[PDB]
Every structure is written in C-alpha cells, then in structure tokens.
Amino acid sequence: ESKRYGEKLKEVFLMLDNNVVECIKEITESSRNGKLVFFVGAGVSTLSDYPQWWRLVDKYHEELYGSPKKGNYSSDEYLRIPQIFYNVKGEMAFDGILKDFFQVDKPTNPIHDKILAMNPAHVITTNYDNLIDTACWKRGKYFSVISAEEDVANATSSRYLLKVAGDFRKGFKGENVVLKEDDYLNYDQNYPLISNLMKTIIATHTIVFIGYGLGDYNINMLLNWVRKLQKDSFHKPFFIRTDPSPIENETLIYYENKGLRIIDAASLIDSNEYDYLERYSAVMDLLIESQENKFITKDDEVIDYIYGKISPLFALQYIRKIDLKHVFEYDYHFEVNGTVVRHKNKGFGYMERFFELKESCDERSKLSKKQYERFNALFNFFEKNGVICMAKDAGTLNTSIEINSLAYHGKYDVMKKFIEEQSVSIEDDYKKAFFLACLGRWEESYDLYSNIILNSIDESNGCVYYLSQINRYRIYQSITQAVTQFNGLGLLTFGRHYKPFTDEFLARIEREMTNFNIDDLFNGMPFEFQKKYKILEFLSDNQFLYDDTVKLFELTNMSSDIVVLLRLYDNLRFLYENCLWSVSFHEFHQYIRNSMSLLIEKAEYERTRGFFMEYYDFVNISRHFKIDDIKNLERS
Amino acid sequence: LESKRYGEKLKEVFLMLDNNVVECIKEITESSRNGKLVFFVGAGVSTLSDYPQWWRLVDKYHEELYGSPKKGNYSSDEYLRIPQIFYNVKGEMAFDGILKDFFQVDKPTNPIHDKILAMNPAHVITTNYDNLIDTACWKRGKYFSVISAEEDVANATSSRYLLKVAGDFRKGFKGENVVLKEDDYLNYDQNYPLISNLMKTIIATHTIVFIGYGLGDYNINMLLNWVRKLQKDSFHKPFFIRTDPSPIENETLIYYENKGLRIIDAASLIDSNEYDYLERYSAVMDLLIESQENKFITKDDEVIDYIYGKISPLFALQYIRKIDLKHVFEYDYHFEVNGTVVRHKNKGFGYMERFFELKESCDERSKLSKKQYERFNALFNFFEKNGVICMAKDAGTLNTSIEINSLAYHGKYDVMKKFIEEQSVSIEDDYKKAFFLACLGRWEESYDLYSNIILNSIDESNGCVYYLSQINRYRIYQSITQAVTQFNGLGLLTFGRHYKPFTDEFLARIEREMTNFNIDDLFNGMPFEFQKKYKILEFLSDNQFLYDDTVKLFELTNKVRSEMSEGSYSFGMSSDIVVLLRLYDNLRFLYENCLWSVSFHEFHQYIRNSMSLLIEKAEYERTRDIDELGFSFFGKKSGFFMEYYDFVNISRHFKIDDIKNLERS
Amino acid sequence: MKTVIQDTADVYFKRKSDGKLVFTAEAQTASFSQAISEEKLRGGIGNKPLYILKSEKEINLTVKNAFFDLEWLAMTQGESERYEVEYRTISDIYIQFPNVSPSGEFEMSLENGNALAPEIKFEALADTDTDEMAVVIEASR
Ligand SMILES: NC(=O)c1ccc[n+]([C@@H]2O[C@H](COP(=O)([O-])OP(=O)(O)OC[C@H]3O[C@@H](n4cnc5c(N)ncnc54)[C@H](O)[C@@H]3O)[C@@H](O)[C@H]2O)c1
Ligand SMILES: NC(=O)c1ccc[n+]([C@@H]2O[C@H](COP(=O)([O-])OP(=O)(O)OC[C@H]3O[C@@H](n4cnc5c(N)ncnc54)[C@H](O)[C@@H]3O)[C@@H](O)[C@H]2O)c1
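Residues numbered from 1 in each chain as written, not as in the entry; some residues may be left out. Chains lettered and ligands numbered in written order. Part of a larger assembly, values for the part shown. Heavy atoms only, no water. Residues with missing side-chain atoms left out of burial classes, pairs and counts.

The deposited coordinates, according to the entry record, derive from cryo-EM at 3.14 Å resolution.

In structure tokens:
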C-alpha cells in the first residue's frame, strides 16, 4: 500500500506505450499552463453511491406497466419511458420520484479531489448532484456555478462550473434538468447560452473526459459537432476510459479518427471486474505524479527540466540568486554564498544529479549532441551567475563581485562616447537610454524608450519591451517629480527657476502616460512571458526586490555581515548590469544606506566584545549616502 | 483654446442630459472599471481615417461590368449582389486585383481609436478588414491576441482578444480571407463555426458597446435576430452609440429599444453639421471617458453615496487600520496615524473635504436627503470608531486614544472558557469562539471549528468569515505542524511523558485536507466583487504581513537614533510616537478581528523591536541635557509613560534575554 | 488607556528686503550644535598668554508640509538673496532666525511621490558683523 502503490505506479510508468506517455505529457503541460478543463459525467458521481439513471427508469417502467424490464435498457428506452410517464401519469408524479431518488446526501470520492488537484480552469459536468460543488467549496477553489440560462450573464468569478444538463438547486422538478426525450429534442432552443458557453471552452482549452462511457449521447453529439469544423483547428480531446474489459482495437481506431485521444484505464493495470475506484485512481495518480516529476530518471531528461527553465533567462545579463529559487519551484533553495539545498522537491533530484555531469568527462560524453550543447550553455551560465556546486561538496569558498556597468564607475565621458556612436542591436539601444538617464537627458531617454517599445512588439523578445516600459514609467515619474519641484523649492535653492522641459513635451507625456497603470502591466503580457519571466514580476510593483529588507530586521537584532554584503552586491549587479532606471530612486538608496549602516554598526559593536572596506564599499558610501548620514555614522 | 473650452462644454452637455442617457453612462463606466466592457467597433470608425468605403468598391466592380457607374445610391442587397456577379462572371484573380488597389493603403489612426483604448476594454470585436485597431493597440502598450481565422481560436497567446468577425488581410489581399460578396454571407456559419461562437459568448458574458454601425446594418439585424432567439432576460442589453447627422425619430427609437439595443444618440446631445462626424463620436466618447474620473460630480448626495460605496463593505470588520484606508480610495487621501487626512493629489471633486465640512455643521447635514442621512449616521460612527478626526490643515492638539476591546489581549482565560462552553448563535460567534480556543491551546477543536465555519458559509455572500476562516485555518495548520516537528527533537522527554496532544491520525487528516492550498492564490480565487470590495484584506495571505511596516520601522529607528546622537529636537509627531501609533494600530486590528496570525515570530519580533526603540527614546528623554537656547525649546512633551497596554505587551511578545540585557544596558 | 498628545508649530519664511512671505510650513526638527574642531586649528603653545575660546555653532532647521505664497510664486516665476525665518510655537515662543540659507536636495520616489518629500532644510548663516542668531520672545501662557 504505502510502498506497494508507490512502486507500482513508477513501474507502470516504464511500460506505457509512447502514445500514453505523449498524452500524459500534453495533459501535464496543459494543466501547468492553466488551460486544462475536465468534463465529469455519470461515473465520477456513482463512485459516491449516487443512484444511476436506469434505477429511475425502472421505477417509471414498473409504475407504468407493473414489472421491471427483462433485460438492460437501450439508449432509446432511457429517454422514452420517462417521457411516456410524463405524458400519461403527469408532471407532479414525475417529480415525486425525482424527489425520492435524488434527495439524498452522499460523500465525495477521492477522484473528486484529484480532479481539483490539477487546477482545472473550468469544470463541465453533465450530472445534477452537488458533489463536485461541495468538493470545490471545501477545498477552497471558488467556481461560479452555471446551471440555468439566467446564470450565464451573472457570473461573479472567472472560473466556471458549467452544468450543461440542468441542476436541482432551484428544486426537485423536471423543468430544471434534461431527462426526457423532448428535453433533448429542444436542448438547443431552451439552452442557447450554455451551448455556446460549452462549445467555446472546448475550442479554447484542453479537455479531459473522465467519468464517461464511449457510447454516450453527449460524446456522440460532441463528436458530431466536432466533425463540422475544418482541418485540425483545435486540440483533440483526451478520453479517460475506465471500463472493465480492455478496449478493442477496431473500436479504438474508429473513435481516434473522430477526435478522441483515448487513454484506457484497463490496460495500464490489472484489476477486478468491479474495482472502478482503482481504475480512475491509476490514471489520476499517474497524471498527478507525472506533474511532480517522480517519473523522471535519465541524463537527457535533467537537461530538459534544467534548460527548459534557464533558457528564457538568457536575455538578462545577470539574474539574482535570491530569486533563482523561483525560476525553479520552491524546492532547491539557492544561497548567496553559492550553496544549493533541496527543500520541497518531493521527486527525483535534478540539480544534484546535474552537478555530477559537470564533475566528470565520460558521463558528460554519454549525452547526445543536442543535449550536450545545452549542457555547455547551462554550465557556463551557471558559473557566470555564481552558483557553484552543491552544499555537500563544499570546498574553496570565495566571493567576488565584478560589476562591469559603465555607469556604476561613473565614466561619464565613456557614456557620452557610447551615446554618440550609432547603435544597432536594439538591446544596445536599451543601454543608451539608461545612459541618457544617467547624464540627465531624460527627454531623450523617454524618446529612445518609446522607440524601443515601438520596434519591440513586432519582435519575439518580450523582456526588452517589458523592461523598456518599466524604465519609461520610472523616467516619467522622475520628470514629473523634478518639474513639481522646480516650480517650487527651485526658486529658493537656485533662483531663476530652470525650465529644462518644454511645456508641450510635458503635455505629450501626460497624454501618453496617463490612463496607464503599472500594477497590471505584467498581467497584460502574453502567457509565455507570464511563465518564462515570472521572476521579473517584482519590478512591476512598487515593492521591487523588497525580499531583502526584512532579513535586515532579522539580521539586526557565514555570519549575517557576509550574507548582507553579498545580497547588497547581488542587487547592485542586477540593477546595474541590466540597465534599470529604478536604481536612482529613494527606496533603493534607503536600502543601501540601511545595509551599510547596519554593517558599520555591527563592526563597531564587535570591536568591543575589524572590518576591511574596498572600492565598491567606498563608491556606495559616497553615492547612496548623504553628508548628514556620514556625519551621523562618524559621530555615533 | 480647445482644451480651455471643451472641458466646461462637456460639463454643460452632461448637466443637460435627460437622465436616460445617464444610467447608460453609469453602467458603461461601471463595466469599464469592473473589466467587463467590450467594444464592437464597426465600419464607421475607420472612415474617420479616410478609409475606402465599401460603396466605392461596388462602384468599381459595377464600372467593370455594366459600363458606366450606377445612377443613384446602392441598396442593402446590391452591396452583396454586385461583387458576387463580378466574381461569378469576371473571375477570381480580377476580384482580388481591385481589392489590392482599394485596400493596400496605410492610413493614420483617428483619436476615436485612443478613446476606445482608453477605457481598457476586455476584448475588441470588430468587423473591419484594416489593421487600424491593431496598430492603435500596438502603439499604446496593450497586447491583444488577434483572431481573424478559425485556426487562430485555439492558439490564443493572451486572454484579451481582438476578434474580427469579418476576416483580415494578414494572409494576403485575397477575397477568401474576408467577409464579402453575398455567398460569403451565406456560407458563414459553416465556414466560421468557431469565430461566431466566440463572438456570441463575449456578447453574452460582457457589456457590449456599439460604435459606428448606423442602424439598419446587416450585422446589427443578425445580432437582433439571435437575441430574439434568447429566452427572456438572460442576455443584457447592448448599448448603441448612434452618430448620424439628423436626430432619431421617436418611433424608430421605440422600435429598436424593444429588441435589445439601448441607443445613446449623439445628434441629440450637441449641435453639428452634416459632416461633423468626428465631433459627434468624440462627444459621446469624451462623456464616457470623463464620467469615470468623477469630474461630473457636484451634488452633496453624490459625495455621501460615493464615500458610502467604499466604507459600506467594511462593516463586518470591527476596526480597519489607517494606512490601509489609502487603498480604499484608489490612492486619493493619505489617512495618517493621528487621524488627520491629506490629499494625494486628486482626480475630481474633493469628497473627503466636503464630508468633513458636512460633519462640521449640523445644518448642512440637515440640508440633504433622508436616506443619505441614514448613510451619514453610519459613516460618522465608523470614522469616529476608527480614529479619523479632521483634515490635515484643520489639525490641532490631538488626544489620540487607543483601545483594545478583546478578551484575548487582556488574558481573562476563565471568561474565554465560559464563552467557549456556551452554545453558538451566529457564525461570527463561532469565529470568536475558534480564536479563543486557539488562544487556549486545543488546536484540534479549533481546526474543526474553522472547517465547520467554512462549510456553513455557502451562499451567505460573507467573504470576511470565509476568506479569514480559511486563512486562520492555515495559520492554525502551520502552528500545528510546526508544533509537531518541535516536540520530537526538543520535547522528546522534557516533561517525562513525550506529550503529543495531536494524535497520528489527525495529522494525516490535515495533510490530506490542507494539501496544495497555495494561500497566495486564495485571494485571486475569490469572486470579482470580493477582489475589489475587500481589496484591503489581502496582505494577510502573503509575505507582505508586517512587511512594509518593518520597512518603515527601520527608517523610523534610524531616524530616532540619528536625532538621538545629533542632539536635535523634535516638533509635532516624531520618529518615536509614529512607531507607537502604528504598533497600536496593528495590535488592535489583529486582535479585534480575531486573526490567529498575532502569534507568530514576525509579529513577536516587530513588537519587540518597536517597544525597544520606544524605551530607548523614553530613557534618553528622562536625561536630556540643557543647551544654550534649546533649554527653552523642548518642554512639556513627556509623551511616553508605560501604561497597562505597554506592560502587557512588554511581557507577552517579549523575551527574558533582552530584558536581562536591556535592563542593565 | 494611552492618549498621545502632540503639539504643532508654524514656521514663517520670508525675504529680507520686504515682508513678502516666501512660504509657511510646519516645524519638524531643530539642531543646535556648538562644539570645537580638530587639533589643526590650535596646536602647540601659540597664543598661550591670551587663550581665545573658539565656539563653532551650527543651527539646522527642518520644515515639513510647506506651501508657497501665491503672490510670491507669481512674482518669482515670471522672472545672493538673504532671507529670514520666524517661529510661533507654543505659553508661546516667538523665535526669529535672521539671514538663513535654504538648502535642499531632490529625491524621486517609486510610488509617484510617496509622501512627496516636502522637507526643507535651513542653515543659520552668521556674518562677521551680525551676531543675533535667534530672538526668543515669551508671551502670556
Ligand atoms: N443499462 C441497464 O439497463 C442496466 C441494467 C442493469 C444493470 N446495469 C448496471 O449499471 C452500471 C452502469 O451501466 P451503463 O449502461 O450506464 O454503462 P456505462 O459504461 O455507459 O456507464 C457509464 C460509466 O460509469 C463509470 N463508473 C464508475 N463507477 C461505476 C460503477 N460502480 N458502476 C458502473 N459504472 C461506473 C464507468 O466508467 C462507466 O463507463 C453497470 O454496472 C450495469 O451492470 C445497467
Ligand atoms: N449607400 C450607398 O449606396 C452610397 C452611395 C454613394 C455614396 N454613399 C456615401 O456613403 C456615406 C455613408 O453611407 P453608407 O451607406 O456607406 O453607411 P451608413 O451611412 O448607413 O452608416 C455608416 C455609419 O458610419 C459613420 N459614417 C458615415 N460617413 C462617415 C464619415 N465620412 N466619417 C465618419 N463616419 C461616417 C456613421 O456613423 C454611419 O452611421 C454617405 O455619406 C454617402 O454619401 C453611399
């Protein structure tokens, strides 16, 4: 059980055909991107002992004729018997049996939780029980329920729980659900909105079909609608089949040409003829554990989960190690000294196995060329980012900072010469504007940022466009906060108030920059940019890279001094190598002043019951500090 | 001057409205602010850019076939009939040879494109073949995923669409990529099954505003037919901006307002000539733009209702802080710790100043409606209970009081037990009972009580008892697990019994239940109303908990130490009194709202570091030095005397070690 | 039940030649720093027969919530200078600093001017002839 199930799932993963592996790979990617929508039907509810439909058709049949039918009801007898009862006996009698059968309270099977474990964007069910609603409410995933035509427009949230076959929320009557034959014969005329709302999610989402038979009315109607489309034009839905006998090959070929990508449940495992709960569980746990990377064991696979998360971070010149535990999931914390530690992996360790490939030459040589040239780039980038090998294999521990920014050293003549020379390779333009910000020519920097934003949307580089927009917003703030003080303190401080900005230019910037919020900038970028460059989110908000000041609280009350200095240099290198104008504002200056003052104060404190500074400390003290602060630290 | 006169002219037009074109503006602005506004830009917005109208194409085809051009205007069917004859007679390589000449031209974007992309529409449904809307979105920093073919529906790179229900020329200037000659209008549902569904879903799930589209159009007729097929009231009524030269006949307006449209007429709002189309568009668009900034706010009832529109939701909470109140007004008034209010910059009428002046005079409060009087009688109580006194300019000697009305803060454990053993009346009683229980250990009962609270609020629309009850449970979960892993390596035999109050089955129950919670996502999972109507209650479920308070606490401590070493004097509020006020604000908020997060390391460190600074400043002030003229500068102040609250805070969140060292140092 | 008591003061900054109110603001802090300097000023015996007392005195002032006079703003905007400051803090003292110099520095905040940094600093400037740094006047309580 505890060990048997865990070993069995991993063993079954190694015997699956390439088709099932591809289906699982696509499903996991769709769930991770946030475009996975389940399609629950009768079968995920009967696991909770909910009554089946035939048990009500039998009651109708024996209340009409007098004896249960001698055999299994066909597809027509499911809709014709209840219709005969409605026509002959009446409507209140038709609803009394519905109240008798469906006025029951049943638990929620684990599958109802597993369906919610994959984070489906929507959920489309064709049953009338509130089991899935109860599960969603209890697990804390709010879903707007849509069981009536009037509920489509009044949707409070963005995630739906579309019940396309009615519901008993308003009462146990046959006018709210689709059960009879004429209910299906008038479904497109009585439900014109829930049909569009269901056909839109199918076309713009990944769809799974857990809990359905392979010959249902709904499946065939959906396939009939699907065949009316063009060449491919959409993603073929997946179909989790959990019937006792294995699917025949002819019926699999017939249905896989109509759109379905069937993942049979009675082929990955062997189970009893009635163990349905252990057939849903096999597929669901396979998908969930494939999400957790448990089924990952190979040399080329770790160069895909490593390259597939580091490759987007190539436009940036130097990314911080404090947030490098965010490009990878929260497991494998990264430390400023350069030490790696796994925290919440819960799977096969990839970075720990990754270091081994960089600690030999024959193991590396056994990698494919496509996976080896990737490893070379990963290795050199990792060295360039100061991420040297694992914590356990600690050795010579040195720390060096080599900020190469031409503005940190204050080589203003070099900046002017670089600005003068004509620039290509638009990234090189992105530097120039920042240099134009340093020299004070903010209007030219704004114009060059607008030009970069114009000629960047056409390209496939979103990082430059996003950073240029953030820099332009910061420059607009600087211009407005300088004009608000020239017509102000400027008369007393200088007299003869300078007008370095034309009034027309200020009107232009107020016409452009207005009606633009900075909090929703990252939310307007494409989905790929919202996942590959998620670490760039803190730049958008006003609390940028504030993940360091709280430890200043914690480290004020390898020691704290070395880590604080390392983080200070990391932030300086990040904000100066990648040209960002937000390095000259009051918040970053306050952070630098606080860190340096804490270090100096702790040196004095440790001198009683020392510290050696260098060029980068002198520059920071002379630039981010003031005369008053230096007098305070000298006298205190 | 254009801008000098237009701003007041728009106000004059607004006060002259019939109030039937005012509900439409209210709804449109509300949809724009709620992110559910979708425009339906037609073929009359591009004509402002001097784009070739379709009649000049039918005339070109008609010239090719029937010699000279037609003598007279074209009807609504000859538009789709002449090009079809040209296609079926002349050919197909010549049909596109005229489209290339009449459409391979680049034109500038008119200001109406900016007006449309100034309300931040969710999507932009258009029936144009040009790329003017896409260009306007490009040069304004908004990324709309374009959809002009059936194969683009599945490959939607973003969430905000730019659906073109007519086609596009991106694949080339050929008639097979656009909606055109009558056959294309017949084989449409069979040729475009996905685009039609997307359009009819955005129409049914958003607030649609029609710009362009003179009445009698083909597309408007089809939309009216489809809406006629709807049931009774499931669909909303699409608005309709009519910008024709002459006013609208009353009979036609009555006819079209019974089919779904809500026509906002432009000719009945201003005086314009037959060829003043740009002004007619811009009047309606400018009214819509300037209505959402509260520029058209004059009356006192408007101010009182608007202030009630951001305070009324905050009635389940018992005491909201002051720094958080700045978020409730969209960054318009800096509510200060002392209770004084300031102006951020502004956006419209100064409603806060008007509210304060209304509260100053009883007569002015009596010079208003009755229901607004009832609203004021609650706003005044809420503001008095939350330490807001007056405007910043009208400040003075403020006797700022603090109060923590909570049994948890004052011990009294027997009263807590008496309340807990008693039965429960309402869910708010169960919330306080769970908090008291958690303060009294017994976390197994507290977790189940929180689960019952979460389960028993299903359709009550009270997110405060739902958003918090989950969060507290998370904080009643970590404290369990963090306690479980600390009794094995430190509490192994400290009591000689290895006491683990939580059993082994319960810890496996909470693991199954409290799995994949991702508390940082919880606020984004709540309904759209809760995400804005209670936007203040978001810093609880993140790493921002006491984050920026500590960020400012470092600045305050450094300033206090600097003024401590500079031998400088302080006036008004200082860097030490502000710390005390902020600490008391947070302490009252957490306890009064019964949040379990007041028993974690971050808060115990923040209060420690605040009160250490306060004690430092008080002891320094007890031994001040006389100066040359500063001897008559700092006098009566004496602002720090350790009261009952200070003593109770100096012995609960306080450590024996620091008191051991801070007593002598 | 704690109750914090806070007072306030009004700082009036004007020009010397006329009564033109430069602006009016609040009082935030004042620093009277009187002390001596390094041994470089006075080394060995030197002036032993006549020891002279050297007193280095600095008067720094900070003002917050400052608004400029509209008439003076209009006069100065449409096309060195010695100013003065007056204090009227509460009894109530009337402190007057003559010939002060307004220092300052420009700071840019991320949040569109969070707190807008309305802090103005003044330094007391003393000439060889002028000596009255501050006039202290007391009135009825
Ligand atoms: N059709 C009849 O008139 C009739 C008569 C007597 C008995 N039954 C029994 O009713 C059950 C369902 O019959 P059906 O015609 O709907 O086939 P079906 O395949 O169309 O049922 C739908 C799906 O329910 C799922 N499921 C999960 N747990 C299940 C469970 N305990 N039992 C059945 N399905 C489960 C299955 O994946 C199934 O594909 C069967 O066990 C059948 O023996 C049916
Ligand atoms: N209908 C014909 O066969 C025909 C023939 C010759 C000339 N025209 C000219 O076409 C113009 C519009 O008639 P229509 O039948 O093409 O559609 P329409 O007039 O019935 O409606 C088109 C809508 O687009 C806007 N519009 C029209 N002209 C505009 C302009 N210059 N600038 C900005 N917006 C404008 C208006 O809001 C109008 O409601 C008329 O001015 C007419 O002179 C039409």
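More follows now that the structure is in view.
A. Structural detail: the overall build of chain B. The helix and strand tally for chain B stands at 29 helices and ten strands. The C-alpha atoms of chain B give 33 Å as radius of gyration, which overshoots the globular expectation for 665 residues (26 Å, by more than 25%). In chain B, which comprises 665 residues, the share counted as buried stands at 52%. Taking contacts inside chain B between residues at least 6 apart in sequence as the whole, the part at least 24 apart equals 67%. Carbon and sulfur atoms provide 51% of the accessible area of chain B, an area that totals close to 31700 Å². Put simply, chain B has 82 plus and 100 minus side-chain charges, and the middle of one group is 2 Å from the middle of the other. (Helix = DSSP H or I, 4+ residues; strand = E, 2+ residues; numbered from the N terminus. Rg over C-alpha atoms; globule rule 2.2 N^0.38 Å. Buried < 20%, exposed > 50% of the residue type's maximum accessible area, 1.4 Å probe, protein only. Contact = heavy atoms within 4.5 Å. Areas by Shrake-Rupley, 256 points an atom, 1.4 Å probe, with all protein chains shown as cover. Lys, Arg positive; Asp, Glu negative; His and termini not counted. Charge placed at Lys NZ, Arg CZ, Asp CG, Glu CD.)

B. Structural context of the packing of helix α3 (residues 55-65) of chain B against helix α4 (residues 78-89) of chain B. All names here are of chain B. At their nearest, the axes of α3 and α4 sit 9 Å apart, and the two run at 40° to each other. Classified by the interaxial angle, the pair formed by α3 and α4 is oblique. Helix-helix and strand crossings are classified by hand; for α3 and α4 the assignment is left-handed. On the side of α3, the interface is formed by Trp 55, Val 58, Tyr 61, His 62, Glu 64 and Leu 65, while α4 contributes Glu 78, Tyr 79, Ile 82, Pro 83, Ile 85, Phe 86 and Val 89. (Axes fitted to C-alpha atoms, helices over the stretch in contact; angles between N-to-C directions. Parallel < 35°, antiparallel > 145°, perpendicular 65-115°, else oblique. Left-handed = near helix turned anticlockwise from the far one by under 90°.)

C. Layout of the site of ligand 2. Residues and elements named next belong to chain B. Around ligand 2 lies a shell of 13 residues, among which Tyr 74, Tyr 79, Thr 243, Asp 244 and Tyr 281 are the nearest. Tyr 79 has a polar side-chain atom sitting 2.9 Å from a nitrogen atom of ligand 2. In the model, an oxygen atom of ligand 2 is placed 3.2 Å from a nitrogen or oxygen of the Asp 244 side chain. Taking 780 Å² as the accessible area of ligand 2 by itself, protein coverage stands at 66%. (Near = heavy atom within 4 Å. Polar contact = N/O pair within 3.5 Å; in protein donor to acceptor, adjacent residues only side chain to side chain.)

D. Here's a closer look at helix α13 (residues 300-311) of chain B. Residues and elements named next belong to chain B. The terminal C-alpha atoms of α13 lie 17 Å apart, and with twelve residues this matches the ideal 16 Å at 1.5 Å per residue to within 8%. Regarding α13, the residues found buried are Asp 300, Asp 301, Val 303, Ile 304, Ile 307, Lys 310 and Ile 311. Residues of α13 that are buried make contact with α14 (325-328), α15 (351-360) and α17 (370-385). (Expected span 1.5 Å × (residues − 1).)

E. Representation of the sheet that holds strand β1 (residues 37-39) of chain B in the model. Residue and element names in this part refer to chain B. Pairing in this open sheet of four strands is parallel, and the strands run β1-β4-β5-β6 from one edge to the other. Both outer strands of the open sheet, β1 and β6 (262-265), are each paired with one neighbouring strand and no more. Strand-to-strand twist of the sheet, defined as the mean angle between neighbouring strand axes without regard to direction, takes the value 25°. Relative to strand β5 (residues 239-242), strand β4 (residues 207-211) runs parallel, the two sharing three bridges. Residue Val 209 lies in a different strand from β5, and its bridge partner there is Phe 239. (Pairing = 2+ DSSP bridges.)

F. Structural context of the site of ligand 1. Residues and elements named next belong to chain A. Every one of the 16 residues lining ligand 1 counts as a neighbour, but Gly 43, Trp 54, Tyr 73, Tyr 78 and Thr 242 are closest to it. One of the backbone nitrogen or oxygen atoms of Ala 42 is found 3.4 Å away from an oxygen atom of ligand 1. For ligand 1, an oxygen atom lies 2.9 Å from a polar atom in the side chain of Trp 54. Taken by itself ligand 1 offers 770 Å² of open surface, and the protein chains cover 66% of this. In the shell around ligand 1, the residues fall into eight nonpolar, six polar and two charged. (Nonpolar A, V, L, I, M, F, W, Y, C, P; charged D, E, K, R; others polar.)

G. Expanded view of the pairing of strand β7 (residues 83-87) of chain C. All names here are of chain C. Summarising burial for β7: four of the five residues are buried, a large majority. Sheet analysis places strand β2 (residues 10-15) next to β7, joined by five bridges and oriented antiparallel. Note that in β7 the partner of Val 11 across the bridge is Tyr 87. Of the pairings in the sheet, the one linking β7 to strand β8 (residues 93-103) comprises five bridges and is antiparallel in character.

H. Spotlight on the packing of α13(B) against α15(B). Residues and elements named next belong to chain B. In contact at an axis separation of 10 Å, α13 and α15 are set at 105° when each is read in the N-to-C sense. One finds that α13 runs roughly perpendicular with respect to α15. When α13 is examined against α15, the residues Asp 300, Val 303, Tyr 306 and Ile 307 are found in contact with a partner set consisting of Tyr 351, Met 352, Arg 354, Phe 355 and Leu 358. Within the contact of α13 with α15, the residues separate by chemical class into seven nonpolar, no polar and two charged.

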